[PDB]
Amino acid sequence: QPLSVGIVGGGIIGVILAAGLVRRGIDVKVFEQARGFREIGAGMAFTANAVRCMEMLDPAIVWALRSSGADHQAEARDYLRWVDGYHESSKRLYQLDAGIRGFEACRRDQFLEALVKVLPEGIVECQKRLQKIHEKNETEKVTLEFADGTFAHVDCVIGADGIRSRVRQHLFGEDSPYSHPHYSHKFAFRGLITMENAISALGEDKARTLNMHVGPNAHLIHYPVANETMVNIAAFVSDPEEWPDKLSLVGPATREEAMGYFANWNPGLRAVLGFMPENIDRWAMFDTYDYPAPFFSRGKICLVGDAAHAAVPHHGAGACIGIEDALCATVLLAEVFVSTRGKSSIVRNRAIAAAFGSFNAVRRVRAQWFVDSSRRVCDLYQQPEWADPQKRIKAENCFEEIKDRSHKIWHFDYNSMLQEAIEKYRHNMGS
């Protein structure tokens, strides 16, 4: 008596969830609206904790990760570094050791392609944009209606459909503000410079490592790419205005626009912006902070990843939080699968809803904390006090909070989460 899951969204979280479920004998379909891959060329990095979670989902996921990234001596340790970007002192302010392979980086689209190759053929169906969800009785299948006029029927539905999730809209009502992300009043300029130019502006040490330059109402992060031949720039600035509804969240911008937000900053940082191409990109940062989900699941429908808890990217770990979701959901549905073998339709479908209730109970606090924490650390990166020389010691005390919040992300006890999830599932079943 086999259990079928309809995953809406074939991004990194939906495909990782599919891989975990299928390796456990669960019948999975992934419905993706797009015709192929997106985010061509972008990099991302995963904490060691998230990588262990990937291994538990399916060790082949980690093989795919390590196939999708990058001499003797010793093993390198991964550091985060903060630098004063406003004053000419330009002095190193803080650093955090994450350890050997404390982060593992890849090219996003290459990783996603390698993951699709891990799945059995046919799991992912493209050009399948969810339009409407039709729920009947718990003992009946959930029907998914796509924009192309087709339908699919599954025992349960997972929304892995990202920041503008259609599954979320179904749950809360397409007119509810809770169904939609909102603007964080910050946007980012993104572009590259050559490593040669990066060294001119910053020196070899900074040019070849990851650094965040803090200051008043803005901040800049850079790190090397393409085999240390270029350096990727992200400059985040404050925007007092609204982002107009239906104005695209990505648009073209000029080097000189970015330069103007950093005119009072120190020269090395200004030089970095000066070395970017004339034409760069502007990215609005939206999230689920203002109207956080009242629940991640209801009935036989569950949200995971950015659909549940899209965050602004100031911890660099939003996907890591989604991989935790995918592990939790996978372990739960496999327990539904084994524990209801031989039982009636009524019992199996009650078990699905019981497991999804446990998922919500176990994940929602950490996930929504993380969304709050991503805004908070950005505020600390951007303190107005960084410019006020009468307040550079209160400003510099933020770093103990940054450490504690980072460690809370990086040192997650996922085995306790899974234990708590199984016990809450069993409790919800009257045991």
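Residue indices: 1-based, along the sequence shown.
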Completion exercise
What lies unmodelled of the deposited sequence between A70 and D71 amounts to 4 to 9
Practice task
Using only the Cα atoms and their B-factors as the entry lists them, report which of 71 to 79 and 343 to 351 averages higher.
Solution key: 71 to 79
Problem - Higher-B stretch (mean Cα B-factor, as the entry records it), 307 to 315 or 222 to 230 - result: 222 to 230
Handout entry: Residue with maximal Cα B-factor (values as given in the PDB entry) among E113, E242, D287, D155
Key = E242
Fill in the blank from the handout: Among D325, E174, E104, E257, the highest C-alpha B-factor in the PDB entry belongs to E174
Completion exercise
Chain-relative C-alpha B factor for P384 (record values, thirds): the highest
Completion exercise
The third of the chain into which the C-alpha temperature factor of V28 falls is the lowest
Problem - Record-listed C-alpha B factor of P59: chain third - result: lowest
Practice task
Looking at the entry's B-factor column for C-alpha atoms only, identify whether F262 ranks in the lowest, middle or highest third of its chain.
Solution key: middle
Problem - Assigned third (lowest, middle, highest) for the C-alpha B factor of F399 - result: highest
